[PDB]
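# Structural description and commentary
Here is what each chain is made of, one letter per residue.
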Amino acid sequence: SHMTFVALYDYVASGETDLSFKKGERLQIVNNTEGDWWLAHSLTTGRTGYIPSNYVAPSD
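Residues numbered from 1 in each chain as written, not as in the entry; some residues may be left out. Heavy atoms only, no water. Residues with missing side-chain atoms left out of burial classes, pairs and counts.

The record names X-ray crystallography as the way this model was obtained, at a resolution of 1.1600 Å.

Going by what the PDB entry lists, the protein is known as Proto-oncogene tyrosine-protein kinase Src and is assigned to Gallus gallus.

Take a look at the structure:
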């Protein structure tokens with residue numbers, strides 16, 4: 001259930017459904033059913049949206 005990942009790079013969202021996040025931000029992964037785009041929730045900003053799965057790595 002707790003699935004914490006850390007952002008490896010900045011990402012500015014290009015649309016409505018993706019999530020913008022800063023390098024070093026910690027995110028709860030909500031839905032990793034797809035291998036390319038994961039639904040994530042920022043523990044910092046409280047925003048929720050899709051992120052590129054290759055921009056994050058497992059974290060505490």
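Okay, the pairing of strand β2 (residues 26-31) next. By the bridge criterion, 3 bridges tie strand β1 (residues 4-7) to β2 in an arrangement that is antiparallel. Across the sheet, the residue bridging to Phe-5 is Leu-27, located in β2. Both β2 and strand β3 (residues 37-42) contribute to a ladder of 4 bridges, which runs antiparallel. Bridge pairing in β3 links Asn-31 to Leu-39. Hairpin remark: β2 followed by β3, antiparallel, with 5 residues in the connecting loop. (Pairing = 2+ DSSP bridges. Helix = DSSP H or I, 4+ residues; strand = E, 2+ residues; numbered from the N terminus.)

Here we come to the environment of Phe-5. Note that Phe-5 resides in strand β1. Relative accessible area serves as the criterion here: at 12%, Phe-5 is assigned to the buried category. Taking the C-alpha atoms as reference points, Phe-5 and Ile-29, separated by 24 residues in sequence, lie 7.0 Å from one another. Apart from residues lying up to four places away in sequence, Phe-5 is in contact with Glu-25, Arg-26, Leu-27, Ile-29, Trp-38, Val-56, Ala-57, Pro-58 and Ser-59. (Buried < 20%, exposed > 50% of the residue type's maximum accessible area, 1.4 Å probe, protein only. Contact = heavy atoms within 4.5 Å.)

Quick look at the nonpolar core now. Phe-5, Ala-7, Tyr-11, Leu-19, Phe-21, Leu-27, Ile-29, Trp-38, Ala-40, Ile-51 and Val-56 together form the largest nonpolar core, which totals 11 residues. Where this core is concerned, the elements lending two or more residues are β1, β2 and β3. When sequence neighbours within four positions are dropped, the list of residues in contact with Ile-29 reads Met-3, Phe-5, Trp-38, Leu-39, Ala-40 and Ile-51. (Core = buried A, V, L, I, M, F, W, Y, C linked by side-chain atoms within 4.5 Å.)

Moving on: the sheet that holds β1. The strand order across the open sheet built from 5 strands is β4-β3-β2-β1-β5, with neighbouring strands paired in antiparallel fashion. Where the open sheet ends on each side, the last strands, each with one partner, are β4 (48-52) and β5 (56-58). Averaged over all adjacent pairs, the angle separating strand axes in this sheet is 50°, with direction ignored. (Axes fitted to C-alpha atoms, helices over the stretch in contact; angles between N-to-C directions.)

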